[PDB]
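Trainee: Shown below is the structure under consideration.
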Protein chains: 2
Amino acid sequence: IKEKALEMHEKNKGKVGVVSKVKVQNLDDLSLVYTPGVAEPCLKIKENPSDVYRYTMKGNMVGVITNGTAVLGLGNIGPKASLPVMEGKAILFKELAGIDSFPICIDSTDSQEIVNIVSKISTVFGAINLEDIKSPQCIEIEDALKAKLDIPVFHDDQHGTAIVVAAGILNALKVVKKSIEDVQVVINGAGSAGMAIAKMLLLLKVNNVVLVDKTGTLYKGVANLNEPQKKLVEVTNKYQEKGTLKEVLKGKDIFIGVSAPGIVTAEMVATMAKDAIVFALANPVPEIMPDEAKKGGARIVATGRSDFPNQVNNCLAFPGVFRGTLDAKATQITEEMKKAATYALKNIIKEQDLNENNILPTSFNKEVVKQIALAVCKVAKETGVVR
Amino acid sequence: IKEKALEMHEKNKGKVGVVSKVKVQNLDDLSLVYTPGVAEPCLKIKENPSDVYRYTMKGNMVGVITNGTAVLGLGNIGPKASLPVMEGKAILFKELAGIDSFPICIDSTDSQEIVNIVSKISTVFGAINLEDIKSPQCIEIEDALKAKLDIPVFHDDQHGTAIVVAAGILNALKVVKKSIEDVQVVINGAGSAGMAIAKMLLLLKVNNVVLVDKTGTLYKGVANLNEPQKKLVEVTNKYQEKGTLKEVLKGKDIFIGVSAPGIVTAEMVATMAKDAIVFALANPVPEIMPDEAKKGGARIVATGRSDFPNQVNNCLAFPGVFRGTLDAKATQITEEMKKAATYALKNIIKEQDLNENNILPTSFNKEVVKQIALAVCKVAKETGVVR
Ligand SMILES: NC(=O)c1ccc[n+]([C@@H]2O[C@H](COP(=O)([O-])OP(=O)(O)OC[C@H]3O[C@@H](n4cnc5c(N)ncnc54)[C@H](O)[C@@H]3O)[C@@H](O)[C@H]2O)c1
Ligand SMILES: NC(=O)c1ccc[n+]([C@@H]2O[C@H](COP(=O)([O-])OP(=O)(O)OC[C@H]3O[C@@H](n4cnc5c(N)ncnc54)[C@H](O)[C@@H]3O)[C@@H](O)[C@H]2O)c1
Ligand SMILES: [Mg+2]
Ligand SMILES: [Mg+2]
């Protein structure tokens with residue numbers, strides 16, 4: 001309900017407050033939380049610069065940095081209007097994985113300016129969560145900061161998406177008894193989230209993925225790919241298929257839509273392979289209803305909806321992703337760490353309890369952050385990507 | 001004690017944590033602190049951009065922004081090493097004036113870069129507290145951001161200093177029965193804090209102030225003034241005196257030192273006017289001890305020391321300054337608002353209870369933030385500098 005939301009925000013002027021982690025009411029402790037006390041850790045950090053991580057909030061602090069240019073489904077609406085979302089993201093870090101988070105909203109659509117600016121304010125952050133930025137812009141920024149900064153940088157709306165998606169896919173294949181190295185996938189929308197699902201599947205040795213945009217699939221020599229679309233045309237659609245979604249969906253095991261509402265029909269689901277897997281994650285109106293999906297013959301349907309039986313939820317991955325990432329002092333959130341965050345999530349469900357309505361856990365299950373963290377941590381230490 | 005400080009910081013990995021201002025454990029409230037709830041204030045702010053201030057932390061949030069280039073008496077030691085100080089400053093905003101504060105430490109010594117960068121991250125802050133930056137650099141940045149941003153910007157180490165100083169001066173004059181429009185002041189150190197005390201006194205119609213640096217006083221045609229020193233040479237030292245501190249101190253009513261340790265003697269205090277006022281605020285070793293100050297003949301001595309009878313303390317002004325500033329929705333922290341913050345502070349002491357050891361209140365007295373706020377607020381509304 002609208003009014004219920006608005007009231008909530010108005011109620012306390014925001015969701016995000018700061019507390020003191022130590023106590024101070026007099027002059028004694030004052031000279032320790034401030035001068036001349038504060039001088040002593042400052043000189044420590046000056047001597048050994050890594051000592052930031054023991055006299056400071058840094059190592060439990062994740063920055064939630066944004067642009068405003070892609071806010072939920074509201075798109076480019078600016079830094080002010082995105083603020084409530086960023087505040088909301090911060091307190092979820094806090095409530096789900098006991099993480100201190102703070103929102104920074106940046107007023108610039110220039111990649112290089114945003115890169116530089118975030119890189120210059122990294123002192124206080126133990127990790128960066130990038131949120132609600134425009135594809136393709138979000139990629140170069142993520143990539144630029146990732147090779148620039150010595151702390152973990154992570155675009156949740158694309159990499160966090162793929163973790164839950166790949167989790168739900170792996171679980172769904174066990175159901176219909178198929179293996180992901182044998183199956184032909186179609187992803188509608190070559191934007192941020194489409195892009196990254198493609199990556200996380202190729203990361204999983206998918207047999208073949210085809211990306212489709214609002215104009216047709218993407219193949220070598222397509223008119224106008226953005227720079228990341230181009231790099232992805234190389235790895236995807238091996239058999240070099242061309243044409244519209246209607247034509248291309250024909251014969252596929254998995255449809256994954258992150259694009260639009262109601263662009264897929266029941267007829268279209270009938271053309272897909274037996275035991276079809278349909279993921280209609282467009283929001284709020286998915287590209288097809290599970291009703292019309294099961295009518296076409298879909299064995300499994302996931303959506304981005306809470307009311308519907310199989311919810312792809314972003315709060316499944318990011319709290320546990322950052323938890324182990326921080327818990328490990330990881331300098332980086334690598335691909336293998338993503339890969340490990342997927343399996344851990346897919347394994348909350350026992351394998352004895354898998355259904356066509358039990359491919360993903362509940363988004364609040366405390367055992368999700370715990371296991372995703374342990375696996376994200378376990379590989380960080382192993383691989384070396386650790387302070 | 002050192003170890004006691006270091007332990008304190010280590011104890012909890014920093015002084016600054018974040019809380020949620022609203023509750024959320026399930027899915028119900030989740031869809032209000034996040035999607036689809038957060039959409040509703042976001043669209044409000046998009047429609048009326050001022051609505052930031054009712055669905056968001058902004059209007060109770062002050063940013064503590066720094067460089068590292070002037071940390072206490074540690075000077076240029078970088079963004080990492082300054083972090084504990086900035087964290088300490090944030091929780092004092094919180095504990096003294098119930099204000100949410102967050103530390104941003106900037107890794108750049110380029111004025112224009114720092115201006116731009118802070119201006120670009122202003123979305124989340126209701127006010128800016130600039131902290132621990134190099135004179136003269138701090139001035140152009142303060143000035144640039146002050147004319148650029150629509151929120152209050154405030155360099156505490158200079159303007160906050162002057163408020164307490166001017167407060168202690170006005171109170172001290174009542175003691176020795178002198179008026180500030182008749183008296184001849186000398187300030188040692190034409191750095192940030194010296195500079196700004198000069199301003200706040202000229203703001204008070206001082207008869208004559210003389211600034212002195214590590215090389216001699218400042219007069220028209222002095223070899224190498226920085227740009228702000230130059231502007232101040234015009235308003236100060238009317239009688240155009242030249243020479244060293246020894247020579248120049250001779251005959252003055254007030255000495256105010258913000259420079260060095262032990263550069264003033266008892267002999268030198270004997271040359272000043274009757275009922276001398278001596279302010280040795282250099283830290284930790286003041287430019288003269290009260291013992292040697294009263295030996296020279298000082299009627300009144302203030303220092304920056306807690307053990308000594310008259311402490312100039314920065315935590316006297318800034319919590320109450322920002323309180324009323326925020327309490328008023330001030331768009332600006334103007335000169336008249338500074339002026340009003342001074343008088344309010346000087347008037348915590350009854351005027352029936354003034355001593356040579358009672359010119360300033362206690363730095364924890366809750367009635368200080370309250371009154372400084374009401375006066376800072378009262379003039380904001382009057383003058384118009386208000387949303
Ligand atoms: N957990 C989840 O449920 C979850 C996570 C991420 C995204 N999503 C949903 O997926 C959708 C995409 O989100 P995003 O972050 O990738 O946004 P995005 O704008 O980056 O992706 C959209 C892309 O799809 C393409 N597209 C648009 N309309 C199309 C059409 N009719 N046919 C084919 N292609 C089309 C466009 O090229 C665009 O670049 C959103 O509606 C969002 O709600 C859901
Ligand atoms: N509330 C307080 O007690 C309070 C507040 C602010 C500053 N201070 C003290 O005052 C001092 C100055 O602080 P600041 O922020 O202005 O630092 P600053 O470096 O900006 O000011 C120092 C300036 O004094 C000049 N100087 C240095 N040594 C000198 C000497 N021997 N003779 C004459 N001039 C000299 C230099 O030109 C320099 O620019 C510090 O030691 C600080 O502890 C105290
Ligand atoms: Mg988002
Ligand atoms: Mg300071």
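Just remember, in the structure tokens the first chain shown is A, the second B, etc., residues are 1-based per chain, and ligands are 1-based in the order shown.
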According to DSSP computed on the backbone, where in range 120-261 of chain B is there strand (DSSP E or B)? Give the residues as a VMD selection string.

Mentor: chain B and resid 127 to 131 153 to 155 184 to 188 208 to 213 216 to 217 254 to 257

Trainee: Could you name the residues that touch residue 43 in chain A at 9 Å or less, counting only C-alpha atoms, but leaving out those on the same chain fewer than 5 positions away, as a VMD selection string?

Mentor: (chain A and resid 38 48) or (chain B and resid 74 77 81)

Trainee: Taking only C-alpha atoms into account, which of B:196, B:99, B:276, B:39 comes nearest residue 85 in chain A?

Mentor: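 Using only C-alpha atoms, the shortest distance to residue 85 in chain A belongs to B:39.
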
Trainee: Residues at most 6 Å from ligand 2, using only C-alpha atoms and all ligand atoms? Could they come as a list in words?

Mentor: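 My answer, listing the contacting residues, is residues 135, 157, 161, 188, 189, 190, 191, 192, 193, 194, 212, 213, 214, 258, 259, 260, 281, 282, 283, 304, 312, 313 and 314 of chain B.
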
Trainee: Could you save the residues just selected, with N, CA, C and O atoms, as a tab-separated table (two decimals), in the first residue's frame?

Mentor:
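Once everything was written out, this is again.tsv:
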```
chain	number	residue	atom	x	y	z
B	135	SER	N	45.38	25.28	6.04
B	135	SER	CA	45.40	26.68	5.65
B	135	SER	C	46.60	26.85	4.73
B	135	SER	O	47.66	26.29	5.01
B	157	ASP	N	37.15	24.08	12.50
B	157	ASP	CA	38.48	24.39	13.04
B	157	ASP	C	38.83	25.89	12.94
B	157	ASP	O	39.77	26.34	13.58
B	161	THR	N	36.16	27.69	16.12
B	161	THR	CA	37.16	28.20	17.04
B	161	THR	C	36.83	29.63	17.48
B	161	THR	O	36.83	29.95	18.66
B	188	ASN	N	48.69	35.61	17.33
B	188	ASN	CA	49.91	35.00	16.84
B	188	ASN	C	49.65	33.73	16.03
B	188	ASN	O	49.16	32.73	16.55
B	189	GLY	N	49.99	33.79	14.75
B	189	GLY	CA	49.69	32.71	13.83
B	189	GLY	C	48.58	33.10	12.87
B	189	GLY	O	47.41	33.13	13.24
B	190	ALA	N	48.95	33.41	11.63
B	190	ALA	CA	47.98	33.84	10.64
B	190	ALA	C	47.51	32.65	9.82
B	190	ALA	O	47.29	32.76	8.62
B	191	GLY	N	47.37	31.52	10.49
B	191	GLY	CA	46.84	30.34	9.84
B	191	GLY	C	45.33	30.36	9.95
B	191	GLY	O	44.76	31.40	10.26
B	192	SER	N	44.70	29.22	9.69
B	192	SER	CA	43.25	29.09	9.70
B	192	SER	C	42.58	29.72	10.91
B	192	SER	O	41.71	30.57	10.76
B	193	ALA	N	42.97	29.27	12.10
B	193	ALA	CA	42.32	29.69	13.33
B	193	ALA	C	42.63	31.14	13.68
B	193	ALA	O	41.79	31.82	14.25
B	194	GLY	N	43.83	31.59	13.36
B	194	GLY	CA	44.18	32.98	13.58
B	194	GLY	C	43.31	33.85	12.69
B	194	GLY	O	42.58	34.72	13.17
B	212	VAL	N	50.10	38.29	13.64
B	212	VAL	CA	51.54	38.04	13.59
B	212	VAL	C	51.84	36.59	13.18
B	212	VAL	O	51.24	35.66	13.70
B	213	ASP	N	52.77	36.41	12.26
B	213	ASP	CA	53.14	35.07	11.82
B	213	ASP	C	54.54	34.71	12.31
B	213	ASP	O	55.18	35.49	13.02
B	214	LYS	N	55.03	33.54	11.90
B	214	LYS	CA	56.32	33.01	12.37
B	214	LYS	C	57.51	33.85	11.90
B	214	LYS	O	58.66	33.48	12.12
B	258	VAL	N	47.60	31.19	18.76
B	258	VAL	CA	47.21	29.94	18.12
B	258	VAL	C	48.35	29.55	17.19
B	258	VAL	O	48.20	29.56	15.97
B	259	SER	N	49.49	29.23	17.76
B	259	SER	CA	50.70	29.11	16.96
B	259	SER	C	51.68	28.04	17.44
B	259	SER	O	51.88	27.04	16.76
B	260	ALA	N	52.27	28.26	18.61
B	260	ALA	CA	53.46	27.50	19.00
B	260	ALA	C	53.59	27.36	20.51
B	260	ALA	O	52.84	27.97	21.26
B	281	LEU	N	46.34	29.08	23.41
B	281	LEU	CA	45.49	28.00	23.00
B	281	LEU	C	46.26	26.96	22.19
B	281	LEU	O	45.70	25.96	21.76
B	282	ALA	N	47.55	27.21	21.98
B	282	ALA	CA	48.39	26.21	21.35
B	282	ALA	C	48.37	24.95	22.20
B	282	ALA	O	48.25	25.03	23.42
B	283	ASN	N	48.48	23.80	21.54
B	283	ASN	CA	48.27	22.52	22.21
B	283	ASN	C	49.29	21.48	21.77
B	283	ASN	O	49.63	21.42	20.60
B	304	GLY	N	43.99	26.05	26.00
B	304	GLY	CA	43.23	24.98	25.38
B	304	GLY	C	43.27	23.71	26.21
B	304	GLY	O	43.07	22.61	25.69
B	312	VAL	N	39.31	26.95	26.31
B	312	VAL	CA	38.71	27.11	25.01
B	312	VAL	C	38.51	25.69	24.49
B	312	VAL	O	39.47	24.96	24.32
B	313	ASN	N	37.24	25.31	24.31
B	313	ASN	CA	36.87	23.98	23.83
B	313	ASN	C	35.99	24.06	22.59
B	313	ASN	O	34.96	24.72	22.61
B	314	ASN	N	36.39	23.39	21.51
B	314	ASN	CA	35.63	23.45	20.26
B	314	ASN	C	34.23	22.83	20.36
B	314	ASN	O	33.30	23.28	19.68
```

Trainee: So which residues are near ligand 4, meaning at most 10 Å away with only C-alpha atoms and all ligand atoms counted, given back as a PyMOL selection string?

Mentor: (chain A and resi 34-35) or (chain B and resi 66+68+70-73+82+85-86+89+130-133+155-158+160-161+314)

Trainee: Using CA of residue 61 in chain A and CA of residue 69 in chain B as the two end points, give the distance in Å to one decimal.

Mentor: 23.5 Å

Trainee: Restricting the calculation to only C-alpha atoms: of A:187, A:104, A:115, A:348, which residue gets closest to chain B?

Mentor: A:104

Trainee: Within 8 Å of range 223-232 of chain A, counting only C-alpha atoms, which residues qualify if same-chain residues fewer than 5 places away don't, as a ChimeraX atom specification?

Mentor: /A:136,139,190,195

Trainee: Can those selected residues be exported to a file as an mmCIF file, in the first residue's frame so that it contains C-alpha atoms?

Mentor:
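Output file result-v4.cif follows:
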```
data_model
loop_
_atom_site.group_PDB
_atom_site.id
_atom_site.type_symbol
_atom_site.label_atom_id
_atom_site.label_comp_id
_atom_site.auth_asym_id
_atom_site.auth_seq_id
_atom_site.Cartn_x
_atom_site.Cartn_y
_atom_site.Cartn_z
ATOM 1 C CA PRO A 136 25.642 0.121 -20.408
ATOM 2 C CA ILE A 139 29.483 -1.841 -16.616
ATOM 3 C CA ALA A 190 20.422 -7.525 -23.195
ATOM 4 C CA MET A 195 24.055 -9.401 -19.645
#
```

Trainee: Pick out the closest residue to chain B from this set: A:208, A:325, A:67, A:236. Count only C-alpha atoms.

Mentor: A:67

Trainee: Do you know which residues are at most 12 Å from residue 202 in chain B counting only C-alpha atoms, after dropping those on the same chain fewer than 6 positions away, and could you put them as a ChimeraX atom specification?

Mentor: /B:162,166,180-181,183-185,195-196,208-210,232,234-238,335,339

Trainee: Residues within 8 Å of residue 141 in chain B, please, as a PyMOL selection string. Count only C-alpha atoms; anything in the same chain fewer than 5 positions from it doesn't count.

Mentor: chain B and resi 111-112+114-115

Trainee: Quick one: write out the picked residues with C-alpha atoms as a CSV table (one decimal), in the first residue's frame?

Mentor:
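Here's the written file part_1.csv:
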```csv
chain,number,residue,atom,x,y,z
B,111,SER,CA,41.0,22.2,-4.2
B,112,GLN,CA,38.9,22.1,-7.4
B,114,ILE,CA,37.6,18.4,-3.6
B,115,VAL,CA,35.0,21.1,-4.3
```

Trainee: Which of these, A:19, A:27, A:151, A:65, has the shortest distance to ligand 3 once you count only C-alpha atoms and all ligand atoms?

Mentor: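 Checking each candidate against ligand 3, we get A:65 as the closest.
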